[PDB]
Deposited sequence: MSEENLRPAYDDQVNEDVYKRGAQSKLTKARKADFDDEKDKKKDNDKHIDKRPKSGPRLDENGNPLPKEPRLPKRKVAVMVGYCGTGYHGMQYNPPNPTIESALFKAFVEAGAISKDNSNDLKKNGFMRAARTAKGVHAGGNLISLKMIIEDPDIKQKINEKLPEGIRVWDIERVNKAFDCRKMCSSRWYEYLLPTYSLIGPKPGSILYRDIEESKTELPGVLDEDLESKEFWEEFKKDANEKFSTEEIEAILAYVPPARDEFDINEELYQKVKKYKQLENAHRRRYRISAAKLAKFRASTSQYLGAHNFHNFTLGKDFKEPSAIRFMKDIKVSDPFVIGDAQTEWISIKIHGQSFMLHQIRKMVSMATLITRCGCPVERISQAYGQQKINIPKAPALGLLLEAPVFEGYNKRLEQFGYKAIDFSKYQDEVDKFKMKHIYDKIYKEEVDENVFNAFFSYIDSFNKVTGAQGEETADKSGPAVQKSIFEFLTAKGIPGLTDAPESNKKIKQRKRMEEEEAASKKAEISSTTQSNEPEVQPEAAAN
């Protein structure tokens, strides 16, 4: 029976194929794989006496950095390498550091950094023929919304390319069939047109302003589930929002943007709902200030963005580092790993994101469902409600 010390473990993972961070049998989770590696490496033996997590990343949500707290066997001086050898390629342990007895992953978390990877073709306007396009274009009863000749040019180049290859065969419905093969090739051509799209500087600036609409303290009751507008804990403080320059990655050469959000605390699916709302405001040509209207008591249903693009970048423990460094305890700083994670993120997270995006068309499917859906549609009009 070896001794056990209460330590914090810094880890990172691609969340694809796992049912979130929190241990939840019988479905594979990040924590179940971590525990299997711990047992196979000698970190634990045989509730797990004080187990703790900093963030319960949802189904499919990745994390460049996450932390847990537990009583481990630190006797092996090469225990980290053993655990990493016993782990799958998509999960890694960055470090192991001793913590004080009163350490609490969640209560000592001062802030959180999140990153969302979004394909730039998500900001193209809805396809002509969709209900959202019909309702937005037919919003000439109040001539407020942008014109967005860029999306018009994209869709019309797609129409010219389709017509120069599918001589009025003209796909209409389907529910192992030569028709289906024809349709398959049309949708593949449309996806290829999406992948060749390069966002303009104006659309990027518009999206940056729409995301900047989130800075400061706001009532985010519409950006979660089961939160009342009058609840005081519905107010959240976003410290910073940064939208990266566009960047091309992958064999299909598809364009992406990185959205880093630093906030004091977040509610369930807050990041994805914010991202989705900013994307809809940008791609529909609405005044970005309308995002602030979402803070009102009127309830709006914001469909959360796909989990595939979400990464928990790092939890932050400001008070712990500032007020417990005199006790000899090492500070918890994920940036000390920043380069290593940066490699892992590119090799085992971002690559998975690009592969699943080009294989299953996650983002385009999400936005095609939004496009064809008869609360949010009203908000994205020229006229909202009140």
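Judged by missing C-alpha atoms, the gaps in the deposited chain sequence fall at residues 1 to 70, 117 to 122, 220 to 221, 254 to 265, 465 to 483, 496 to 544, listed in sequence order.
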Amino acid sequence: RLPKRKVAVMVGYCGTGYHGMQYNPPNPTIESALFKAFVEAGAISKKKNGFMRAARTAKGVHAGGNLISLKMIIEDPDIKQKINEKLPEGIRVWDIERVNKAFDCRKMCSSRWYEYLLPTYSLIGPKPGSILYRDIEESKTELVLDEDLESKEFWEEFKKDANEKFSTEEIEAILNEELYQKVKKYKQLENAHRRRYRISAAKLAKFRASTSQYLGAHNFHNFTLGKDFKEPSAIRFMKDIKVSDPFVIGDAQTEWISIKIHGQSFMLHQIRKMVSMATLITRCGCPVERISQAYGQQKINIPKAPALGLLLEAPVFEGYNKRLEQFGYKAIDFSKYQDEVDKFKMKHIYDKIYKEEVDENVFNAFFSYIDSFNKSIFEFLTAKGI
From here on, numbers count along this sequence of modelled residues.
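The deposited model assigns a higher average Cα B-factor to 74 to 82 than to the other stretch when 74 to 82 and 300 to 308 are compared. Stretches 334 to 342 and 24 to 32 differ in mean C-alpha B factor, with the higher average recorded for 334 to 342. Across the residues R236, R92, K185, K239, the deposited record lists the maximum Cα B factor for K185. As recorded in the PDB entry, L175 shows the highest C-alpha B-factor of the residues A278, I257, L175, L215. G64 sits in the lowest third of its chain by CA B factor, as recorded in the PDB entry. Per-chain ranking of the deposited C-alpha B factor places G129 in the middle third. Among all modelled residues in its chain, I353 ranks in the middle third by Cα B-factor. When the modelled residues of the chain are ordered by their C-alpha B factor, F366 lands in the lowest third. When the modelled residues of the chain are ordered by their C-alpha B factor, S139 lands in the highest third.
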